[PDB]
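Q:
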Amino acid sequence: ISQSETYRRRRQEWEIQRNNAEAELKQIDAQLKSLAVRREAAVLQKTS
Amino acid sequence: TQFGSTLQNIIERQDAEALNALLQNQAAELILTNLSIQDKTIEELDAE
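In the order they appear, the protein sequences are chains C and B. Read left to right, the first sequence gives residues 2179 to 2226 (the entry's author numbering). Read left to right, the second sequence gives residues 2034 to 2081 (the entry's author numbering).
1. Check the Cβ of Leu2056(B) against every Cβ in chain C and list those closer than 7 angstroms, keeping chain order.
2. Quick one: list the residues of chain B neighbouring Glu2183(C), beta-carbon separation under 8 angstroms, in chain order.
3. Under 8 angstroms Cβ to Cβ from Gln2205(C), same chain only, skipping five residues before and after it: list those, please.
4. Determine, using beta-carbon pairs with one atom in the region 2057-2077 of chain B and one in the region 2213-2226 of chain C, whether at least three such pairs fall under 8 angstroms.
5. If you follow the alpha helix (DSSP H) that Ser2069(B) is part of, which residue opens it and which one closes it?
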């Protein structure tokens, strides 16, 4: 029985970390747009 | 000679008003792109 639970608890942990990964790469993904906005901005700067 | 110095003064001052007009126009043009820049940086803050 105890063996079983270990796997379950481990699974739970994996689930935890998986979310941390997804959220992380959502965060990072969003950052890309932010940087891209600054790109557009500095682009316009050169035009000036 | 008197008409001379008056005419000369008039020309030099004509050119000065020209230079002034040029300045106000080209500066009024630069503020446009600077304005668009500000809007893109606030867009960046929203991305953030």
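Heads up, the beta-carbon is just placed ideally off N, CA and C, and yes, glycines get one too.
A: Once the coordinates are examined:
1. Simply none; closest approach about 16 angstroms.
2. Within chain B, no residue comes near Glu2183(C); the closest Cβ sits about 43 angstroms away, beyond 8 angstroms.
3. Answer for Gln2205(C): no residue qualifies.
4. Three or more Cβ pairs drawn from the region 2057-2077 of chain B and the region 2213-2226 of chain C lie within less than 8 angstroms of each other, which places the two stretches in contact.
5. Per DSSP, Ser2069(B) is one residue of the alpha helix (DSSP H) stretching across 2035-2080.
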